[PDB]
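Encoded as structure tokens, the following chain is the form deposited in one PDB entry, with no partner shown.
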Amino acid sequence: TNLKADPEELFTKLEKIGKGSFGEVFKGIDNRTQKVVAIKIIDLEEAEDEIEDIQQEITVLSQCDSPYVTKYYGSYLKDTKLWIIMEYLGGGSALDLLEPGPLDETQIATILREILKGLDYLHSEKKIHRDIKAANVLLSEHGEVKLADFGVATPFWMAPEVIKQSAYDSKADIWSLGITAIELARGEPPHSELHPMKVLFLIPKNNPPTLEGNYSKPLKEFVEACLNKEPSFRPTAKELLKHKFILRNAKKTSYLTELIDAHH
């Protein structure tokens, strides 16, 4: 975190994107390069208790250097305001892409393949994303897929061993990926019609979810492979990149531009 440079002089704040975690997020411009950036502004006089969580996500993001993880450019402290500068992705999130009707299996497999590449990077680096879900998968305007919004070290995407507050590892992300696969196919995770506190006990207690509907058997088997109650029986991201569903259906990421355009 840089305390001397004035971020209001280095960056031009443009449109508010949304109410992000702990702050507001803006589309901005790097004045020196004219690249578009994403700018999160957090009032530190207001979010006292959450500060440790903010520092930890900055630390993890600063240790990542992958085309599948949104790049962290730096942070600045101006008066009581912490400015966090990130890579801007102009294609929306995967959740945004679900709003009208269904993804087809080609779209699902392409998106999942890129998420798997991000998870393979993270797991090979001994990191855990901890909040894999469509709302945290961001797309560029040309279809590149990147992970954002790491979880802190709502229950619908949480693995059973996470909910039971046991130790967990990279296999927790694999379960969340399986829920995210269902989300990409159905628009919502399993149990989304139930109160979160009820889902809290349902996930450890119940059989794992399965993907129901008219889907090709490999897509159902992909979901089944991810959603195993036993974490050590879930495959790695590297192995899932060779799953028949991925190899048979995933296409060049640039084909997502059609879907992205249709939502912009």
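From 1 onward, residues are counted along the sequence shown. For the two forms, the rigid core is made up of the largest set of C-alpha atoms that agree within 1.5 Å on superposition.
Modelled in this chain, residue 203 is likewise built in all the other compared entries whose models extend past it on both sides, so a third of them omitting it does not occur. In every other compared PDB entry of this protein that covers both flanking sides, residue 37 is modelled, so it falls short of the one-third threshold for missing coordinates.
Coordinates are given for every deposited residue between residue 167 and residue 168; the gap count there is zero.
Of the two segments examined, 107-115 and 93-101, it is 93-101 that shows the higher average Cα temperature factor in the deposited entry. Higher mean CA B-factor, judged across 11-19 and 245-253 from the recorded values: 11-19. Which of 41, 37, 51, 237 has the largest Cα B-factor in the deposited entry comes down to 51. By the numbers in the PDB entry, the CA B factor is greatest at 163 among 163, 82, 174, 128.
For residue 185, the recorded CA temperature factor ranks within the middle third of the chain's modelled residues. Per-chain ranking of the deposited C-alpha B factor places residue 133 in the lowest third. The deposited CA B-factor of residue 228 belongs to the lowest third of values across its chain. In this PDB entry, the Cα temperature factor of residue 193 sits in the top third of its chain's modelled residues, the highest group. Residue-level temperature factors show residue 144 in the middle third of its chain, judged at the C-alpha atom.
The protein also exists as the form deposited in another entry; that form is not presented, and the subsequent description refers to it.
Candidate set 232, 207, 59, 34; criterion, C-alpha shift of 2 Å or more between this form and the one not shown after rigid-core fit; matching residue, 34.
Core-superposed comparison between this form and the one not shown: CA of residue 19 displaced by 2 Å or more.
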